[PDB]
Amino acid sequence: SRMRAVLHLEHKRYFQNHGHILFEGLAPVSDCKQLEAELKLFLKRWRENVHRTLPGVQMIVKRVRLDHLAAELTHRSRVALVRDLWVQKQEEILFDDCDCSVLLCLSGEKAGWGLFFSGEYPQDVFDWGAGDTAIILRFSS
């Protein structure tokens, strides 16, 4: 089982205040590693919109309620996943003008960890070992 997660008003405050927020254990480490395993395989750009080939992406978004959480932080009625990127390093996260992005770490110490943010990726908030990958999720209203 997994507890139901709930945004506290302080998480909202931190995001309103800094324009981003970082959550430990945002998504289950099991779904994460398990998705990364299918991603390393899917390699016969390849890394763009992996959700159009792997059901695991939209299942994490839908089952961890990232979409509703994103909307809640940004005071939107509804957002939806419109794009994604499987990245190996932080410099691959380029500007996107969507309502809210969520970086989700797939492997390593920081696996299952997730960062919500709008605009350009926040340089010194989150990073992952050279052996680790992550996936960036763009949510739009």
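One rule holds for the numbers: they count along the sequence shown, beginning at 1.
- Missing deposited residues between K44 and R45: 10 or more, all without coordinates in the entry.
- The PDB entry records a higher mean C-alpha B factor for 35-43 than for its counterpart among 95-103 and 35-43.
- The mean C-alpha temperature factor is higher for 26-34 when 26-34 and 75-83 are set side by side.
- Among all modelled residues in this chain, the alpha-carbon of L69 has a temperature factor (C-alpha) in the lowest third.
- Ranked by Cα temperature factor within the chain, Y121 sits in the middle third according to the deposited record.
- Looking at the C-alpha B-factors along this chain, the one for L115 belongs to the lowest third.
- Ranked by Cα temperature factor within the chain, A130 sits in the highest third according to the deposited record.
- When the modelled residues of the chain are ordered by their C-alpha B factor, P55 lands in the middle third.
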